[PDB]
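Beneath this line is the structure, given in structure tokens, with notes to follow.
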Number of protein chains: 2
Amino acid sequence: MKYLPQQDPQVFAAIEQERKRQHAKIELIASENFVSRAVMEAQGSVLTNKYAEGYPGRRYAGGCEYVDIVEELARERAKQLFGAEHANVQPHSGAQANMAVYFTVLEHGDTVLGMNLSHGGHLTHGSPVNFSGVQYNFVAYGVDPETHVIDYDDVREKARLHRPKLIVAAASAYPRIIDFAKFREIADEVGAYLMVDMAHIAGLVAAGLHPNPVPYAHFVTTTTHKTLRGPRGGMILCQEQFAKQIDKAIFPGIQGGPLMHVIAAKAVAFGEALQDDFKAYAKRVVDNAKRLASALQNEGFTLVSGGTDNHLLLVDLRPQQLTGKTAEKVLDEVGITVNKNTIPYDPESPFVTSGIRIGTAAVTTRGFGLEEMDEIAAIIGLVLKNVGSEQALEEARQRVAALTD
Amino acid sequence: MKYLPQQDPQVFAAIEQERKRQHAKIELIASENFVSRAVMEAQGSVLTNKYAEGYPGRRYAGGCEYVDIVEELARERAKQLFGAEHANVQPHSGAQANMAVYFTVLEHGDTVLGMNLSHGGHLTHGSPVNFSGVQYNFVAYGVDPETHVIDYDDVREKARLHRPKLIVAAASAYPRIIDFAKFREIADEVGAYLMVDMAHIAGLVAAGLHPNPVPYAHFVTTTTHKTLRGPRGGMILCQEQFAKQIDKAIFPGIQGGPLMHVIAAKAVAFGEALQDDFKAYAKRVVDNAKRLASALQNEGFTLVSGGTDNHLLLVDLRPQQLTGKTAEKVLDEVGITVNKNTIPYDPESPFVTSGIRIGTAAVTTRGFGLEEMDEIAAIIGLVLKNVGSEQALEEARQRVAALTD
Ligand SMILES: Cc1ncc(COP(=O)(O)O)c(CN[C@H](C(=O)O)[C@H](C)O)c1O
Ligand SMILES: Cc1ncc(COP(=O)(O)O)c(CN[C@H](C(=O)O)[C@H](C)O)c1O
């Protein structure tokens, strides 16, 4: 940076603190990742100056000739990446991506079937304090209380009873592979649309390490910033028959002018995702997660679903008689960044929780391998089995500092 | 740029084309502006990597210590700039800023009174193809058919008849000063909340060249990218009594994780707005607009409301027997960037129109003064009075190229 340090010393100092923080800490938040310098330069471009309401070629303002190319590059690369018939790269976020689909196929008060929020489901999948639960009549399916795997007989029973117009699959904290073939089979029986929110697994889908929902779902929403390792924003993939309706839902439906500089960075992210190295990266993410899962069990930790098939895992902290809130606080003290997360059938409130969510996407980008996963798990064991001991937490700090160069 | 040209030659080439376009063309789109290099560097920072769901101090993820400072800087500077009791700098856009307020004080199907869309009102103020008109029962007030100034007796009659829960003031294409004192007086009579969408006039309000809606309105929404000359995004200002409700409406209401890198750029933009030079800048914008308005009339153009009190003007093209669509196309051919815009009581559809919207905010940032405004108006006269003549359009191209160095 050059012009910011002179103009705004206060903001620059806080950014420099954050930059140094991201290097010093062990980042294990499942939804986070580190973007390339090419992605950041695209978001720091003059493309923020342009109003490009509408779509490539069909704009409601002149001078969009070159931002049209940018958006088309983002749209075509995403279609190439996921094998989708249509792409919309204008959603400001995953929340707005989900919102636009709901706006398309649903009237106010319609019944929608989503995943239980305390079982792994997301806020936009029917939270009564979120727009989804207020605007629509959301019913929930759950996981098996023993295995923590989606009970597909329960998805079928809930769909046949409540008769939803839409079924939502996918989650924020689900460590296993989602059977999209079964979700479509259930949706076909009850005559409902199938939406898959692949936000967390998007990068793994692109690398072919998680089944692609695209052939099975009518709508596929995602964020670009999670395992896809791109800028902060949303995307909608759909079939050509819904293309016009989805486009009208984004604009003039729920949004206005798109973020052309972010869309530029999305294109850069999709470009990087198409390369062979990203497929090797994503395999390391899954390898690292399974290694970390196995190593934490070795330390004596119970895991939700008994491991992982993807990028994330959930530690059931009930055996250690610790809340997720307590674990989040003490690991923050030693330099490990996690978040408290409700486990399926949690006896604690969503603000206290009985578990912690851990992802490997961020550390894998940094260069962390199977060896580092053993150490990370060893530090977590040292901290959570000796919460009252300050000497163990000091030992943990030094071991965290050793891993981060 | 350094890492982008190597990584993505296709995207970099399109960005470089856009960068050169923004310099070569005369940008007169009323909603557009040029951001400083400090604002862009903040959007190109590592702050995109952080999930900061919630608010400063009250986050739902660890490691937010430094992005909290960033958001607080953005919030406090905006409060200092506008004299507001509470600020929310998390809205992804002006559309989401408006959406959050609607989500706060309104139930589905509630009656809301906004400005007529063909008279100057915005898409989010009750368009039947926008979320606002679908989710809520929007009624409209208009302008006087002769003077094109808001008919405040009509605002009062519509409010007393339809009994709205909310009244919306402000516009996308209104060249005059809005009397917020009268809007609150009407709202108090019918027992309705007053929302002001100052998106277009935000920078002029900050410089004290347009009356501040904050003392009169319960809610004030805005975009940061128009006359405020900041990054692409939204902001909500409100009284302390609505602070908690507005915060809950953004998250977990309608959005998810905020754009911390954009919020950083908002802080930089607000910082630049507080400086004395920005107040001088904004006065030049208004001076330039009034100069351009007077000069276009001298050329024989009829203007909506007979001039301007702000940053923008509307040319009534009916005397020249030209549509806004025709004017937009031919001016694009010579390097002048405007947009077609419906005039009050337009005989043409919103896709054809009888007028063009022109703003001075962008050209003023570049260094254009009163002299350049005379020339811009002279070129517009040459083009629109000689549409069939290619020799006049070639003359116009050279005169446009002369103004842009
Ligand atoms: C599966 C899923 N869909 C949408 C979103 C929201 O995206 P955005 O923040 O851009 O609006 C999420 C967000 N996930 C968060 C996280 O994992 O930390 C949190 C659970 O909301 C999501 O997981
Ligand atoms: C008065 C007003 N409020 C909100 C918006 C939408 O903001 P965003 O694009 O960030 O969602 C606008 C947009 N204005 C556009 C323009 O002037 O070019 C257009 C009329 O929508 C607005 O004017």
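Each chain gets a letter, A, B and so on, in the order the sequences are listed, and its residues count up from 1.
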(Q) Check whether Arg366(B) reaches the backbone of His23(B) with its side chain - one donor and one acceptor, N or O, closer than 3.5 Å. (A) yes
Q: Answer yes or no: is there a donor N or O on one side and an acceptor on the other, between the side chain of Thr224(B) and the main chain of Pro231(B), under 3.5 Å?
A: yes
Q) Closest heavy-atom contact between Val205(B) and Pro213(B)? A) CG1-CD, 4.0 Å
(Q) If I compare all heavy atoms of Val285(B) with all of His311(B), which pair ends up nearest, and what's the gap? (A) CG1-CB, 3.7 Å
**Q.** side chain to side chain contact (heavy atoms under 4.5 Å, CB included) evaluation trace for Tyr174(B) with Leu314(B)
**A.** CA-CA 8 Å; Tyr174(B) 186 67; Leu314(B) 259 163; over 6 Å; no
Q: Considering only NZ, NE, NH1 and NH2 on the basic side and carboxylate oxygens on the acidic side, decide whether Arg21(B) and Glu65(A) come within less than 4.0 Å.
A: no
Q. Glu333(B) versus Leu393(B): any side-chain heavy-atom pair under 4.5 Å?
A. yes
Q) Within a reach of under 6.0 Å around NZ of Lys283(B), are more than 12 heavy atoms found that belong to other residues, nucleotides or ligands? A) no
Q: Could you label the plane-to-plane angle of the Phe242(B) and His218(B) rings as parallel, tilted or perpendicular, counting under 30° as parallel and over 60° as perpendicular?
A: perpendicular
Q) Between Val190(B) and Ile167(B), which heavy-atom pair has the shortest distance, and what is it? A) CG2-CD1, 4.2 Å
Q.
Would you say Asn310(B) and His210(B) are linked by a side-chain donor-acceptor pair, where the criterion is simply a distance under 3.5 Å?
A. no
**Q.** Crowding at CG, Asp276(B) (>12 non-hydrogen neighbours, <6.0 Å)
**A.** no
Q. Does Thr227(B) use its side chain to pair, donor to acceptor, with the backbone of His200(B) at less than 3.5 Å?
A. yes
Q) Is there side-chain contact between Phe82(B) and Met235(B), with at least one heavy-atom pair below 4.5 Å? A) yes
(Q) For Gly234(B), is there any backbone N or O sitting under 3.5 Å from a side-chain donor or acceptor partner on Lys266(B)? (A) yes
(Q) If you count heavy atoms of other groups shown closer than 6.0 angstrom to CZ of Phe351(B), is the number above 12? (A) no
(Q) Tell me whether the count of non-hydrogen atoms from other residues, nucleotides or ligands lying under 6.0 Å of OH in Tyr216(B) goes above 12. (A) no
(Q) Between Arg399(B) and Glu375(B) (salt bridge meaning N to carboxylate O under 4.0 Å), is one present in this structure? (A) yes
Q: Report yes if some heavy atom in the side chain of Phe131(B) is under 4.5 Å from a heavy atom in the side chain of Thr124(B); otherwise report no.
A: yes
Q. Cut-off 3.5 Å, side chains only: do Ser93(A) and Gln255(B) have a donor facing an acceptor?
A. no
Q. Do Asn339(B) and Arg357(B) have side-chain N/O donor and acceptor atoms under 3.5 Å apart?
A. yes
(Q) Is it true that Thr221(B) and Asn98(B) share a donor-acceptor pair across their side chains at a distance under 3.5 Å? (A) yes
**Q.** Within the 6.0 Å centroid threshold, strictly below: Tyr136(B) and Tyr102(B)
**A.** yes
Q: Write down the atom of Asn33(B), the atom of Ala361(B), and the distance for their closest heavy-atom approach.
A: OD1-O, 3.3 Å
(Q) For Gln391(B) and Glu395(B), which I'm curious about, is there any donor-acceptor pair between the side chains at under 3.5 Å? (A) no
Q: Please check if the side chain of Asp151(B) supplies one atom and the backbone of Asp154(B) the other of a donor-acceptor pair under 3.5 Å.
A: yes
Q) Is the number of heavy atoms from other residues, nucleotides or ligands under 6.0 Å of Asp188(B) CG greater than 12? A) yes
Q. Salt bridge between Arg59(A) and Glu71(A), side-chain N to carboxylate O under 4.0 Å?
A. yes
Q: Determine, using ring centers only, whether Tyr141(B) and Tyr152(B) are less than 6.0 Å apart.
A: no
**Q.** Check: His119(B) side chain, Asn116(B) main-chain N or O, donor-acceptor pair, under 3.5 Å
**A.** no
**Q.** Distance-only polar pair, side chains of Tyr55(A) and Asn88(A), donor-acceptor under 3.5 Å
**A.** yes
Could you pull out every donor-acceptor pair under 3.5 Å between side chains of residues 293-300 of chain B and any protein atom, sequence neighbours left out?
{"from": "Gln297(B)", "atom 1": "NE2", "to": "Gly306(B)", "atom 2": "O", "distance (Å)": "3.3"}
{"from": "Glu299(B)", "atom 1": "OE1", "to": "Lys385(B)", "atom 2": "NZ", "distance (Å)": "3.4"}

Q.
Show the nearest heavy-atom pair for residues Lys79(B) and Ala87(B), with the distance to one decimal.
A. CG-CB, 4.0 Å
Q. Between the side chains of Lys329(B) and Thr326(B), does any donor sit under 3.5 Å from an acceptor?
A. no
Q.
I'd like to check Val168(B) versus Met115(B) (side-chain heavy atoms, cut-off strictly below 4.5 Å). Are they in contact?
A. no
Q. If you count the non-hydrogen atoms of other residues, nucleotides and ligands that lie under 6.0 Å from NZ in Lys325(B), is the total more than 12?
A. no
Q. Does one side chain, of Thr111(B) or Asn137(B), offer a donor that lies under 3.5 Å from an acceptor on the other?
A. yes
Q | Side-chain H-bond candidate by donor/acceptor type, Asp346(B) with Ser354(B), under 3.5 Å | A | yes
Q: Indicate whether the side chain of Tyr281(B) and that of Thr364(B) have a donor and an acceptor atom separated by less than 3.5 Å.
A: no
**Q.** Any side-chain heavy-atom pair of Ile177(B) and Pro211(B) under 4.5 Å
**A.** yes
Q | Between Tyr51(A) and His225(B), ring centroids under 6.0 Å | A | yes
(Q) Quick check: closest heavy atoms across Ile250(B) and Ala100(B), and the distance to 0.1 Å? (A) CD1-CB, 3.6 Å
**Q.** Minimum side-chain heavy-atom gap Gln90(B)-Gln96(B) below 4.5 Å
**A.** no
Q) More than 12 heavy atoms of other residues, nucleotides or ligands under 6.0 Å from OH of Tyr60(A): is that the case? A) no
Q.
For the backbone of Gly233(B) and the side chain of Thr223(B), can you confirm whether one donor and one acceptor N or O come within less than 3.5 Å of each other?
A. no
(Q) I'd like to know if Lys50(A) and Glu18(B) make a salt bridge, using a cut-off of under 4.0 Å between side-chain N and carboxylate O. (A) no
Q: Measure the spacing between CZ of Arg160(B) and CD1 of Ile186(B) and express it to the nearest 0.5 Å.
A: 10.5 Å
Q: Salt-bridge test for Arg397(B) and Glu394(B): reply yes if a basic N is under 4.0 Å from a carboxylate O, no otherwise.
A: yes
Q) Is any side-chain heavy atom of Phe180(B) closer than 4.5 Å to a side-chain heavy atom of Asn212(B)? A) no
Q | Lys182(B) bridged to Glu185(B) by N-O distance under 4.0 Å | A | no
Q) Just by distance, do the side chain of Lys279(B) and the backbone of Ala273(B) share a donor-acceptor pair under 3.5 Å? A) yes
